[PDB]
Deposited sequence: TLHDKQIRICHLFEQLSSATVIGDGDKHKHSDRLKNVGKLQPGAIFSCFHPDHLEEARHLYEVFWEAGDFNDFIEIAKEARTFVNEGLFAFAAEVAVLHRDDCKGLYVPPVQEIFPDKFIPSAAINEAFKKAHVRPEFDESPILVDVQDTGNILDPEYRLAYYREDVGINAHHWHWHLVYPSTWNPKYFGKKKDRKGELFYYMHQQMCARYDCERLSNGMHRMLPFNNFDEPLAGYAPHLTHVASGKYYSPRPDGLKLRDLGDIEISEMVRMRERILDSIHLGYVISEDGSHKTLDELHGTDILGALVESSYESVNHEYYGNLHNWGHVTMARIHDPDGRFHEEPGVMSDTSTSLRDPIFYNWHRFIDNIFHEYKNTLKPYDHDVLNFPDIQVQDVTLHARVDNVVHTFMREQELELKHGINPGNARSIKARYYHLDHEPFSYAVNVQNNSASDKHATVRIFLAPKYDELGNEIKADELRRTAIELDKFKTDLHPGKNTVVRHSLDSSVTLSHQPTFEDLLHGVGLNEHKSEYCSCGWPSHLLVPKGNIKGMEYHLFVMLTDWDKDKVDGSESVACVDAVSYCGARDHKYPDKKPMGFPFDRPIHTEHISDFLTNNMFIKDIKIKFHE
């Protein structure tokens, strides 16, 4: 049955660091040593991961796939293996309906500090349950340690791992049959929302918006991650203050400057150059997706030779800055890995730089006129946010526990849990009042966004600047009958959030329970933290005509950031509409058509 199939998949992913401590099918794999940190960005690591998941994809049927897997995990790098098997489980038809084990439970040592992991391994020296509180103690000397609740959140780092595995940069469409609709553009939009959401935490905390890493000579600020790799005793190398990017054997920094300059040229000329010397136009309909593919870069870049691989070489050269040529035999920092790279403050400097390349392009597009915004005869008359106090959302920290036993060797304890704390918010709902003055039923997509109202120094953020910090809260279809309507929507139904990741124990049992994919934003992080007086945000609701938006769907719980399984992205509008193009008005209230509304709410943290 499917429940048996699920138990056999959980066992692929169990004590995977110990899994080490051949078949002509597995001849090109086994290059990266077990114990080494696997890079999700480096070309030669992604090549070996592709080779392994190609074997898994061509495995004649499910039992043959558990077999080759059970064997390849004996010798290949274990990070590489979790990567290749989760791409296989997501895409193989005979794995449909099967969940992959939670990644923070496969690799507990990437989500919890060396100190807690060591204490757990230590106190495992009866039968009894170990519990370690992660919570530390120390001289808080760095103001950045204030955003650690966001950067080091378990749920955000697990989402980023899972997104890059629904949308692989090595995805070859001709080999799979299958195309990933608007993969380049969703690369863009997901990493833009991670930056936009991060800048709402800086401003929540009284800090300035993050500045782009746009000059490659400037020294980086430092960050020590304090993560071990128990599979070998290696750690993610820390980065002290004041180092500058240095050439690696595989890439020179001047080659990166050169890729940036070639990309900006094409954006200012309106066309890119295909491999055959010909011109492809950066039209309004495909321009962001062509640019996503050559900036990341993916396998689908129109010209890899000429535009290179800028975003991904940025991860590799920042992760190796402590040892650019390998003479120290030191492991990369957390920027090498999609499960850890959001922890480092430098992630946001680099991805606001990359976002600025997409924004130059968006800036060559014409502002929307009233025609492309308006949904005529629809008028929005009111939004209210209902919570304990109406139009105030409350946030707070909350304790949680993570089970380490399926990922580190447990001996005889039945359970080693580490307890950590994370931001969370009270439940809320919206109520939108809409007047439908046609005399027919209409169908609307309701689009909901949140935007800070003022910067950290109390100045009003103008309309155009709001575009960079507006975060998506929801997108859903509603039918409207003639006359007055009131749409009610609950926060829990958010289409940017994962509603539930089942644990290893939920799954080996039948308690992980269609919506079986793990990509999606964490529910506890739906809104920014705000601050203890109540930080003011604009809440924007827009309705547009769904018969013009619409494009059997598994895995749509987080459609907005993750798309739909094996399906086209279900919204024809550009990702981030209405905020993706230049707004020529000083104030956001003068942008508003009748089918748009802003309500000012407050987010108020409780200490």
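Sequence ranges 22 to 29, 134 to 138, 527 to 530, 569 to 572 have no coordinates in this entry (deposited sequence, numbered from 1, C-alpha basis).
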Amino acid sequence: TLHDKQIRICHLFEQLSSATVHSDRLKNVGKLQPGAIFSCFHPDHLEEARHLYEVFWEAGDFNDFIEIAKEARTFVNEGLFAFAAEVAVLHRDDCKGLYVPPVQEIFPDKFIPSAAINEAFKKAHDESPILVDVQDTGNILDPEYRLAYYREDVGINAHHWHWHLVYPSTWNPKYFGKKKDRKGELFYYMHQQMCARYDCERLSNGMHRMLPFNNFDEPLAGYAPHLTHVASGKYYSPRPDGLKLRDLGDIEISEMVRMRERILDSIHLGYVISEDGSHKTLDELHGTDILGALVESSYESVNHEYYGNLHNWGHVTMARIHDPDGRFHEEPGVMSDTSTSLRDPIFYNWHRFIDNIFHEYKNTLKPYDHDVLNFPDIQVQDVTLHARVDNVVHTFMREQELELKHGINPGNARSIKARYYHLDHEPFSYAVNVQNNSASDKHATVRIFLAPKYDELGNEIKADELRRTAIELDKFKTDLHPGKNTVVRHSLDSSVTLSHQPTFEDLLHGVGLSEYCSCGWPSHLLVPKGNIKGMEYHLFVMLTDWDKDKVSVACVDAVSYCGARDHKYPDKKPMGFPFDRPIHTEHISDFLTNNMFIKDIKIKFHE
From here on, numbers count along this sequence of modelled residues.
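As recorded in the PDB entry, 432 to 440 is the stretch of 432 to 440 and 102 to 110 with the greater mean C-alpha temperature factor. As listed in the deposited structure, the average C-alpha B-factor of 342 to 350 and of 273 to 281 is greater for 273 to 281. The residue among 256, 140, 243, 519 whose C-alpha atom has the highest B-factor in the PDB entry is 140. You'll see in the entry that, of 491, 169, 412, 303, the Cα B factor peaks at 412. Sorting the modelled residues of the chain by their CA temperature factor places residue 249 in the middle third.
Sorting the modelled residues of the chain by their CA temperature factor places residue 74 in the highest third.
Among the modelled residues of its chain, residue 561 has a C-alpha B-factor that falls in the lowest third, as given in the PDB entry. Residue 43: CA B factor lies in the middle third for its chain, per the PDB record. Compared with the other modelled residues of the chain, the Cα B-factor recorded for residue 61 ranks in the highest third.
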